[PDB]
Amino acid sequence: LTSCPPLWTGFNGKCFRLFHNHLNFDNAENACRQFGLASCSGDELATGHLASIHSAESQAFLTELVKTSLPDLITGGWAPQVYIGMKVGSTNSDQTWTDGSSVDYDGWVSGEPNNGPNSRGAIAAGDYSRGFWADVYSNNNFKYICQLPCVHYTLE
């Protein structure tokens, strides 16, 4: 069990939340950056971010979260698409996460990404893609998932 604030839901030491208002990629990432981590004495230490995903288990959890929350929107295509923190740059091999973590799990639907350069990843929860990732235009207005600053203690 992970501990998270009210309205947020934990998996594997991370806290997530899906937001229902539609934002483009930059505004969405900005929205997530309004959530933070701070020392008890006042200093802001880190910021939130669109979600990153590092295992098939994280991916299945996020997929279920989208499907359970948006049950009447599930189509037979790709929709609903929901923003995560993935950025495809000048070539398909340039992949990064907004939280700056490493790209060590390939969750793309086969064929994807194919809308480069400078496209954005989204969870595509329609029956065609089953939650695995599509790349889209940053200017699309979509729902999105935030993560809280991911952190652990170090002992040494």
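In this text, residue numbers run from 1 along the sequence as written.
K.L.:
Is the mean CA B factor in the deposited entry higher across 115-123 or across 39-47?
P.N.:
So the stretch with the higher mean C-alpha B-factor is 39-47.
K.L.:
Taking the chain's C-alpha temperature factors as the reference, tell me which third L73 falls into: lowest, middle or highest.
P.N.:
Ranked within chain, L73 CA B lands in the highest tercile.
K.L.:
Classify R33 as lowest, middle or highest third according to the C-alpha B-factor given in the PDB entry, relative to its own chain.
P.N.:
Its C-alpha B-factor belongs to the lowest third of this chain's values.
K.L.:
By its CA B factor, does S52 count among the lowest, middle or highest third of the modelled residues in the chain?
P.N.:
Lowest third of the chain for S52's C-alpha B-factor.
K.L.:
Based on the entry's values, in what third of the chain does the Cα temperature factor of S138 lie: lowest, middle or highest?
P.N.:
Within its chain, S138 is a middle-third residue by C-alpha B-factor, going by the deposited values.
K.L.:
Going by the recorded CA B-factors, say which third of the chain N21 sits in, lowest, middle or highest.
P.N.:
According to the entry, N21 has a C-alpha B-factor in the chain's middle third.
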